[PDB]
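Just final_33.cif here, mmCIF, C-alpha atoms (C1' of nucleotides):
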data_run
loop_
_atom_site.label_atom_id
_atom_site.label_comp_id
_atom_site.auth_asym_id
_atom_site.auth_seq_id
_atom_site.Cartn_x
_atom_site.Cartn_y
_atom_site.Cartn_z
CA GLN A 2 -8.55 -58.29 -16.08
CA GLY A 3 -7.30 -55.47 -13.86
CA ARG A 4 -6.25 -56.30 -10.30
CA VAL A 5 -4.92 -54.53 -7.22
CA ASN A 6 -1.59 -55.24 -5.51
CA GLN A 7 -0.79 -54.98 -1.78
CA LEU A 8 0.25 -51.35 -2.08
CA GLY A 9 -3.01 -50.46 -3.78
CA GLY A 10 -1.52 -50.28 -7.25
CA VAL A 11 -3.48 -51.38 -10.31
CA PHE A 12 -1.95 -53.93 -12.67
CA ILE A 13 -2.88 -56.55 -15.25
CA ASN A 14 -1.37 -59.94 -14.42
CA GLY A 15 0.72 -61.18 -17.34
CA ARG A 16 0.98 -57.80 -19.06
CA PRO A 17 3.66 -55.10 -18.61
CA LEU A 18 3.10 -51.98 -16.52
CA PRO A 19 1.54 -49.22 -18.66
CA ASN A 20 3.99 -46.76 -20.17
CA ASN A 21 2.89 -43.81 -18.04
CA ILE A 22 3.97 -45.63 -14.87
CA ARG A 23 7.25 -46.93 -16.37
CA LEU A 24 8.09 -43.43 -17.51
CA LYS A 25 7.35 -42.08 -14.03
CA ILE A 26 9.57 -44.59 -12.27
CA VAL A 27 12.52 -43.42 -14.37
CA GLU A 28 11.76 -39.70 -14.00
CA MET A 29 11.76 -40.11 -10.24
CA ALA A 30 15.01 -42.07 -10.27
CA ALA A 31 16.56 -39.25 -12.29
CA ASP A 32 15.34 -36.85 -9.57
CA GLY A 33 17.34 -38.62 -6.90
CA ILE A 34 14.29 -40.26 -5.31
CA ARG A 35 15.21 -43.54 -3.63
CA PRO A 36 13.68 -46.72 -5.17
CA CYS A 37 11.77 -47.58 -2.01
CA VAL A 38 10.07 -44.19 -2.17
CA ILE A 39 9.17 -44.67 -5.82
CA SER A 40 7.62 -47.96 -4.77
CA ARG A 41 5.36 -46.50 -2.06
CA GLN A 42 4.62 -43.31 -3.98
CA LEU A 43 3.60 -44.96 -7.27
CA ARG A 44 2.46 -48.17 -5.51
CA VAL A 45 4.38 -50.60 -7.69
CA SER A 46 6.06 -53.62 -6.09
CA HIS A 47 9.73 -52.82 -5.34
CA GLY A 48 10.74 -55.93 -7.23
CA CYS A 49 9.23 -54.34 -10.32
CA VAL A 50 10.84 -50.95 -9.68
CA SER A 51 14.19 -52.69 -9.37
CA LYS A 52 13.69 -54.59 -12.63
CA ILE A 53 12.67 -51.57 -14.67
CA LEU A 54 15.54 -49.56 -13.18
CA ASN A 55 18.16 -52.22 -13.88
CA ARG A 56 16.82 -52.61 -17.42
CA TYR A 57 16.99 -48.89 -18.10
CA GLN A 58 20.65 -49.05 -17.14
CA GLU A 59 21.46 -52.02 -19.34
CA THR A 60 19.30 -51.31 -22.40
CA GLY A 61 18.80 -47.57 -21.92
CA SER A 62 15.10 -48.03 -22.57
CA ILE A 63 11.81 -47.67 -20.72
CA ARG A 64 10.07 -50.13 -23.07
CA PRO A 65 9.60 -53.76 -21.90
CA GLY A 66 11.13 -56.83 -23.51
CA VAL A 67 9.69 -58.36 -26.68
CA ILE A 68 6.86 -60.73 -25.80
CA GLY A 69 5.52 -63.60 -27.88
CA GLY A 70 6.47 -64.97 -31.26
CA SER A 71 8.53 -67.84 -32.63
CA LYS A 72 12.30 -67.76 -33.12
CA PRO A 73 13.11 -67.57 -36.82
CA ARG A 74 13.61 -71.09 -38.17
CA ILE A 75 15.90 -70.62 -41.17
CA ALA A 76 17.09 -74.20 -40.67
CA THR A 77 13.50 -75.41 -40.30
CA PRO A 78 11.97 -78.90 -39.90
CA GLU A 79 12.71 -82.04 -37.84
CA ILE A 80 16.04 -81.91 -39.67
CA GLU A 81 17.36 -79.77 -36.81
CA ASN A 82 16.42 -82.61 -34.48
CA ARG A 83 18.34 -85.04 -36.69
CA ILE A 84 21.42 -82.81 -36.61
CA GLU A 85 21.36 -82.88 -32.82
CA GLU A 86 20.81 -86.66 -32.93
CA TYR A 87 24.18 -86.86 -34.70
CA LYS A 88 25.69 -86.40 -31.24
CA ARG A 89 27.26 -89.87 -31.58
CA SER A 90 29.56 -88.92 -34.45
CA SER A 91 30.01 -85.43 -32.85
CA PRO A 92 33.76 -84.77 -32.58
CA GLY A 93 35.31 -84.88 -36.03
CA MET A 94 31.93 -84.98 -37.69
CA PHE A 95 32.43 -82.24 -40.26
CA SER A 96 29.78 -79.80 -41.27
CA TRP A 97 29.79 -81.09 -44.86
CA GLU A 98 29.71 -84.69 -43.60
CA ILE A 99 26.45 -84.00 -41.76
CA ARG A 100 24.87 -82.69 -44.96
CA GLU A 101 25.73 -85.91 -46.79
CA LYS A 102 24.37 -88.17 -44.03
CA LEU A 103 21.13 -86.15 -44.07
CA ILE A 104 20.63 -87.03 -47.73
CA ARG A 105 21.26 -90.80 -47.74
CA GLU A 106 19.22 -91.31 -44.56
CA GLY A 107 16.06 -90.00 -46.21
CA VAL A 108 15.37 -86.95 -44.04
CA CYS A 109 16.57 -84.48 -46.67
CA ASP A 110 16.61 -84.11 -50.47
CA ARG A 111 19.44 -82.87 -52.72
CA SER A 112 17.41 -79.79 -53.67
CA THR A 113 16.24 -79.02 -50.12
CA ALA A 114 19.58 -79.51 -48.30
CA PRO A 115 20.94 -76.88 -45.86
CA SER A 116 24.30 -75.31 -46.70
CA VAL A 117 27.29 -76.53 -44.70
CA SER A 118 27.62 -72.95 -43.46
CA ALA A 119 24.08 -72.98 -42.11
CA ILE A 120 24.76 -76.34 -40.45
CA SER A 121 27.88 -74.85 -38.87
CA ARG A 122 25.67 -72.09 -37.46
CA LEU A 123 23.17 -74.64 -36.15
CA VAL A 124 25.92 -76.90 -34.76
"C1'" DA B 1 14.38 -50.59 6.62
"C1'" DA B 2 16.34 -51.33 1.93
"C1'" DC B 3 16.64 -54.03 -2.18
"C1'" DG B 4 18.56 -58.07 -5.20
"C1'" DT B 5 16.56 -62.15 -6.86
"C1'" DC B 6 13.22 -65.70 -8.25
"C1'" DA B 7 8.78 -69.00 -8.32
"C1'" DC B 8 4.64 -68.45 -9.67
"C1'" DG B 9 0.35 -67.86 -12.39
"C1'" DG B 10 -0.21 -65.23 -16.32
"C1'" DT B 11 -0.41 -63.43 -21.40
"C1'" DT B 12 1.37 -62.90 -25.97
"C1'" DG B 13 2.48 -63.69 -31.01
"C1'" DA B 14 5.80 -65.56 -35.08
"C1'" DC B 15 5.69 -69.59 -37.29
"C1'" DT C 1 -7.34 -71.53 -39.94
"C1'" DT C 2 -6.32 -73.02 -35.33
"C1'" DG C 3 -2.77 -74.30 -32.04
"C1'" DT C 4 2.06 -74.70 -30.08
"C1'" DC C 5 5.39 -72.93 -27.03
"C1'" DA C 6 9.19 -70.15 -25.49
"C1'" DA C 7 9.74 -65.65 -24.74
"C1'" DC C 8 8.25 -61.98 -21.24
"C1'" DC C 9 5.21 -60.02 -17.52
"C1'" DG C 10 4.56 -58.05 -11.94
"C1'" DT C 11 3.61 -59.68 -7.62
"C1'" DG C 12 4.88 -61.49 -3.36
"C1'" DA C 13 8.06 -63.41 -0.45
"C1'" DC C 14 12.68 -64.76 1.03
"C1'" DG C 15 17.41 -63.35 2.61
#
Show how you would write the structure in this file as structure tokens.
Amino acid sequence: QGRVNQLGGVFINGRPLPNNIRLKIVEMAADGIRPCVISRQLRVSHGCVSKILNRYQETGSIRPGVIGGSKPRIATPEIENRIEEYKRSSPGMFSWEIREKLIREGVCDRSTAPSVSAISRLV
DNA sequence: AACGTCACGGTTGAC
DNA sequence: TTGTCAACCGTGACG
């Protein structure tokens, strides 16, 4: 649902500014226009202008960050939780040792056991 | 008067 | 299939 900000600029709460506006903020910055002017001219909150400008400097892109989705779980299951729970053995507790404890405890099978390398990555 | 930073109420999508 | 949840969003306000 489209809404209006204090400066009279249209925006959708939760969603990124449309590309046409993002593109314009950057064009203006390249023209030597001060950020505060871009704010009043385009009617975008200055906090937003600042963000988009700082991001263009870091990433070199107009496009917004990646929204939504689940981080890839290569080392999937509650197993990950069990590996963190092994915070009592922690120091000295080798990567391969963890794999063995995961098997005799019941949480993991011999066929479905994570490689010690993967556990190193997770730990 | 300019602008860096962040809580807030919000939406999204990979698994 | 439907739902969970951590990633991001822009505004508005503070310093």
Restricting the calculation to all atoms listed in the file, which member of A:124, A:57, A:32, A:107 is positioned closest to residue 91 of chain A?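 Checking each candidate against residue 91 of chain A, we get A:124 as the closest.
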To one decimal place in Å, what is the distance between atom CA of residue 104 of chain A and atom CA of residue 73 of chain A? 23.5 Å
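For chain A, the residues having at least one atom no farther than 6 Å from chain B, when counting only C-alpha atoms (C1' of nucleotides), are residues 14, 15, 68, 69, 70 and 71 of chain A.
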Written as an MDAnalysis selection string, which residues does the PyMOL selection byres ((chain C) within 10 of (chain A)) give for the file shown? chainID C and resid 4:12
Separation of atom CA of residue 54 of chain A from atom CA of residue 10 of chain A, in Å and rounded to one decimal: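 Atom-to-atom, atom CA of residue 54 of chain A to atom CA of residue 10 of chain A, that is 18.1 Å.
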How many Å separate atom CA of residue 27 of chain A from atom CA of residue 53 of chain A?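 So the answer is 8.2 Å.
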Return segment 24-48 of chain A, completed with N, CA, C and O atoms, as a short mmCIF file (atom, residue, chain, number, x, y, z; two decimals), in the frame of the given file.
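File selection11.cif, as written:
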data_model
loop_
_atom_site.label_atom_id
_atom_site.label_comp_id
_atom_site.auth_asym_id
_atom_site.auth_seq_id
_atom_site.Cartn_x
_atom_site.Cartn_y
_atom_site.Cartn_z
N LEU A 24 7.49 -44.73 -17.26
CA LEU A 24 8.09 -43.43 -17.51
C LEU A 24 8.27 -42.67 -16.20
O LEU A 24 9.30 -42.03 -15.99
N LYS A 25 7.29 -42.77 -15.31
CA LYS A 25 7.35 -42.08 -14.03
C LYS A 25 8.40 -42.64 -13.09
O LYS A 25 9.03 -41.90 -12.35
N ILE A 26 8.59 -43.96 -13.13
CA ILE A 26 9.57 -44.59 -12.27
C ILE A 26 10.95 -44.03 -12.60
O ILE A 26 11.71 -43.66 -11.71
N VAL A 27 11.24 -43.93 -13.90
CA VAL A 27 12.52 -43.42 -14.37
C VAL A 27 12.73 -41.93 -14.12
O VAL A 27 13.84 -41.51 -13.79
N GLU A 28 11.67 -41.14 -14.25
CA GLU A 28 11.76 -39.70 -14.00
C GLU A 28 12.16 -39.46 -12.55
O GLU A 28 12.99 -38.61 -12.25
N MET A 29 11.51 -40.21 -11.67
CA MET A 29 11.76 -40.11 -10.24
C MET A 29 13.17 -40.53 -9.90
O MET A 29 13.84 -39.86 -9.11
N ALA A 30 13.65 -41.60 -10.52
CA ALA A 30 15.01 -42.07 -10.27
C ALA A 30 15.99 -40.97 -10.68
O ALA A 30 16.95 -40.68 -9.98
N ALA A 31 15.70 -40.32 -11.80
CA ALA A 31 16.56 -39.25 -12.29
C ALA A 31 16.54 -38.06 -11.33
O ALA A 31 17.49 -37.28 -11.30
N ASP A 32 15.48 -37.95 -10.54
CA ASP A 32 15.34 -36.85 -9.57
C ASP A 32 16.04 -37.11 -8.25
O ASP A 32 16.05 -36.25 -7.37
N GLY A 33 16.65 -38.28 -8.12
CA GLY A 33 17.34 -38.62 -6.90
C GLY A 33 16.45 -39.25 -5.85
O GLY A 33 16.86 -39.40 -4.70
N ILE A 34 15.22 -39.61 -6.23
CA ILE A 34 14.29 -40.26 -5.31
C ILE A 34 14.74 -41.70 -5.14
O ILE A 34 15.08 -42.36 -6.12
N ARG A 35 14.78 -42.18 -3.90
CA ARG A 35 15.21 -43.54 -3.63
C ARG A 35 14.16 -44.53 -4.13
O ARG A 35 12.96 -44.26 -4.06
N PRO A 36 14.59 -45.70 -4.65
CA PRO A 36 13.68 -46.72 -5.17
C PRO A 36 12.54 -47.11 -4.25
O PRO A 36 11.42 -47.32 -4.70
N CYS A 37 12.81 -47.21 -2.96
CA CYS A 37 11.77 -47.58 -2.01
C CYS A 37 10.67 -46.53 -1.96
O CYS A 37 9.50 -46.86 -1.72
N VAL A 38 11.04 -45.28 -2.19
CA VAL A 38 10.07 -44.19 -2.17
C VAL A 38 9.23 -44.23 -3.43
O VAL A 38 8.03 -44.00 -3.38
N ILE A 39 9.87 -44.57 -4.54
CA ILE A 39 9.17 -44.67 -5.82
C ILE A 39 8.13 -45.78 -5.68
O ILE A 39 6.99 -45.64 -6.13
N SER A 40 8.51 -46.84 -4.99
CA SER A 40 7.62 -47.96 -4.77
C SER A 40 6.36 -47.56 -4.02
O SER A 40 5.25 -47.82 -4.49
N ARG A 41 6.51 -46.91 -2.87
CA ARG A 41 5.36 -46.50 -2.06
C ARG A 41 4.56 -45.36 -2.66
O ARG A 41 3.36 -45.26 -2.47
N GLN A 42 5.25 -44.46 -3.35
CA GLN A 42 4.62 -43.31 -3.98
C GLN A 42 3.73 -43.77 -5.14
O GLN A 42 2.53 -43.50 -5.16
N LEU A 43 4.33 -44.47 -6.10
CA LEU A 43 3.60 -44.96 -7.27
C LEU A 43 2.78 -46.23 -6.98
O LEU A 43 1.84 -46.54 -7.71
N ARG A 44 3.14 -46.94 -5.92
CA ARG A 44 2.46 -48.17 -5.51
C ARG A 44 2.69 -49.38 -6.40
O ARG A 44 1.79 -50.20 -6.62
N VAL A 45 3.92 -49.50 -6.85
CA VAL A 45 4.38 -50.60 -7.69
C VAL A 45 5.24 -51.45 -6.77
O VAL A 45 5.93 -50.91 -5.91
N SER A 46 5.23 -52.77 -6.93
CA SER A 46 6.06 -53.62 -6.09
C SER A 46 7.52 -53.23 -6.31
O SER A 46 7.92 -52.96 -7.44
N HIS A 47 8.31 -53.20 -5.24
CA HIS A 47 9.73 -52.82 -5.34
C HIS A 47 10.53 -53.74 -6.24
O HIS A 47 11.55 -53.33 -6.81
N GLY A 48 10.07 -54.98 -6.38
CA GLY A 48 10.74 -55.93 -7.23
C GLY A 48 10.63 -55.47 -8.67
O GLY A 48 11.56 -55.63 -9.46
#
